[PDB]
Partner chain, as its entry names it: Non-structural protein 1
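Okay, here we've got a single chain as structure tokens, the form solved without the partner chain, with questions on binding and movement later.
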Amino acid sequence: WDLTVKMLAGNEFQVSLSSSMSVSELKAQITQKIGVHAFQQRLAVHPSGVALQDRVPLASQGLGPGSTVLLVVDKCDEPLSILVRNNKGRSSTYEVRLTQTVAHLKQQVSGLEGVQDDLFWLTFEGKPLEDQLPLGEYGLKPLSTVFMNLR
């Protein structure tokens, strides 16, 4: 599957989807082309401008081989205030950026809570956060609540 990507603020380039033919794989190929995090990519159908739905298959949104998608990169990486609730249900406020790793947040929580980093993990809406992934890949927002879970 070969697709044209047209960036509003710049270049047009080709990508190939040879695995899942999903939005997730389209975003990953764009990362290889322009070095931008998947969670910062905004995509629409060319030329309608209708936004891509992140869980609907590409085939059902009018897209396949030879289709064109519009791409813009969200320029926003300002700090945002989230909550992390400790083992006793006490929440503390943390300033994070979506380009920081889960490991960055775990360092902040480790210091404020006084719990060595390997004695806990973090969950958002029940899903575990992985140290190496950016906070942005979990859809954290201003006022998101994250849970500290002890071993």
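Positions refer to the first chain, counted from 1.
Here the subject shifts to the form deposited with the partner chain bound, a form of this protein not shown in this document.
- Annotation: in the bound PDB entry, residues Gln14, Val23 and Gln61 none come within 4.5 Å of the partner chain through any heavy atom.
- Residue contact with the partner chain in the bound PDB entry: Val36 places a heavy atom within 4.5 Å of it.
- Using a 4.5 angstroms limit between non-hydrogen atoms, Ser67 is distant from the partner chain in the bound PDB entry.
- Residues from 60 to 87 that approach the partner chain in the bound PDB entry with a non-hydrogen atom closer than or equal to 4.5 Å are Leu70, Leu71, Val72, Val73, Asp74, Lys75, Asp77, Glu78, in the order they occur in the chain.
- Put simply, the chain has two rigid parts that turn between the shown form and the other one, and the hinge between them is at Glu78, picked from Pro47, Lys127, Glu78, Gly114.
- Whereas the displayed form keeps them at a certain spacing, the CA atoms of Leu135 and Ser19 lie at least 3 angstroms farther apart in the bound PDB entry.
- Whereas the shown form places them at one spacing, the Cα atoms of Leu133 and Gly35 lie at least 3 Å closer in the bound PDB entry.
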